[PDB]
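Asker: The following block contains the structure, expressed as structure tokens.
Here Cβ is always computed from backbone atoms with ideal geometry, including for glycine, and neighbour counts include all displayed protein chains. Just so it is clear, none of the values below were taken in a lab; they were calculated from the coordinates.
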Amino acid sequence: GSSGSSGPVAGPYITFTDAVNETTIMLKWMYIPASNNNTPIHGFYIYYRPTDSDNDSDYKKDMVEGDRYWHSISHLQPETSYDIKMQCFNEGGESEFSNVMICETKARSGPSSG
């Protein structure tokens, strides 16, 4: 077709963002084949970082099966509202950067409930 950037461009789109725990978060992404080149994906990368961070330098990367549309992040900060995003990749090349989803974790409660 065109000449420039090959691979899955459409990129995935996050349509679900919730906090499984004070240090855990569950987010699900969707795939739009319509505007896709029916190309096979290697997996799924997920970036995350606390708003307290300095720059992307913090943003991490979590690979996930290409057939997986769900991922539960861990080792996060409690009641910490930070931006979250993800992106897929394949032999062809990395896809576009998904949208920025703000998923606020749960409050780090104590042993005594109120």
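Asker: Can you give me the long-range amide H partners of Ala19? Hydrogens built in the peptide plane at 1.01 Å from N, cutoff under 5 Å, separation of 5 or more residues or another chain.
Answerer: Placed amide hydrogens put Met26 under 5 Å from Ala19.
Asker: Can you tell me which of 19-26, 50-57, 38-45 comes out highest on packing, and rank the rest after it, using the mean Cβ neighbours within 10 Å?
Answerer: Values: 19-26: 16.9, 50-57: 9.2, 38-45: 15.2.
With the highest mean Cβ count within 10 Å placed first, the list reads 19-26, 38-45, 50-57.
Asker: Same structure, new question: What are the ³J(HN,Hα) couplings of the range 75-86, residue after residue, when phi is run through the Karplus curve with 6.51, -1.76, 1.60 and θ = phi - 60°? Round to Hz, x for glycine and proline.
Answerer: Using θ = phi - 60°, the values come out as 6, 10, 8, x, 5, 10, 6, 10, 6, 9, 7, 8 Hz.
Asker: Here's something else I'd like to know. As a test of the definition: which semi-axes, in Å, follow for the range 7-107 when you take the square root of five times each eigenvalue of its alpha carbon gyration tensor? Largest first, please.
Answerer: Working: eigenvalues 126, 36, 24 Å².
Over the Cα atoms of the range 7-107, the semi-axes work out to 25, 13, 11 Å.
Asker: Oh, and also: Relative contact order, percent, of the chain when contacts are C-alpha pairs under 8 Å separated by at least 6 residues? Before the final figure, lay out each step's value.
Answerer: On the way: 257 pairs, mean separation 40.8, N = 114.
Result for the chain is 36 percent.
Asker: So what are the ³J(HN,Hα) numbers for the range 92-109, from phi and the Karplus equation (6.51, -1.76, 1.60; θ = phi - 60°), rounded to whole Hz, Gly and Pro as x?
Answerer: Working through the residues one at a time gives x, x, 5, 8, 5, 8, 3, 7, 8, 9, 8, 10, 7, 5, 8, 5, 6, 5 Hz.
Asker: On to the next question. If you keep only loop residues by DSSP, which GluC sites (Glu not before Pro) in the range 60-110 have at most 12 other Cβ atoms within 10 Å of their Cβ?
Answerer: Numbers: sites: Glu65, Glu79, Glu91, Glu94, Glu96, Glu104; in loops: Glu79, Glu91, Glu94, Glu96.
Passing both the DSSP loop test and the Cβ count: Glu79, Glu91.
Asker: Could you derive backbone 3J(HN,Hα) for the range 24-32 from the dihedral phi with the Karplus parameters 6.51, -1.76 and 1.60 (θ = phi - 60°), listing whole Hz in sequence and x where the residue is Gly or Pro?
Answerer: 10, 9, 10, 10, 10, 10, 10, 10, 9
Asker: Trypsin sites (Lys or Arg not before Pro), restricted to the range 58-114: which are DSSP loop and have at most 13 other Cβ atoms within 10 Å?
Answerer: Numbers: sites: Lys60, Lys61, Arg68, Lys85, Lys106, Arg108; in loops: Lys60, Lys61, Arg68, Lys106, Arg108.
Those that pass, being in a loop and sparsely packed, are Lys60, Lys61, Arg68, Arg108.
Asker: Amide H of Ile84 versus every other amide H placed in the peptide plane: which residues, excluding those fewer than 5 positions away on the same chain, fall under 5 Å?
Answerer: Here the answer is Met101, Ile102, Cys103, since their amide H atoms fall under 5 Å of that of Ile84.
Asker: Follow-up. Once amide H atoms are built 1.01 Å from N in the peptide plane, which residues 5 or more positions from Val64, or in another chain, come under 5 Å H to H?
Answerer: Sorted by chain and number, the residues that satisfy this are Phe44, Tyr45.
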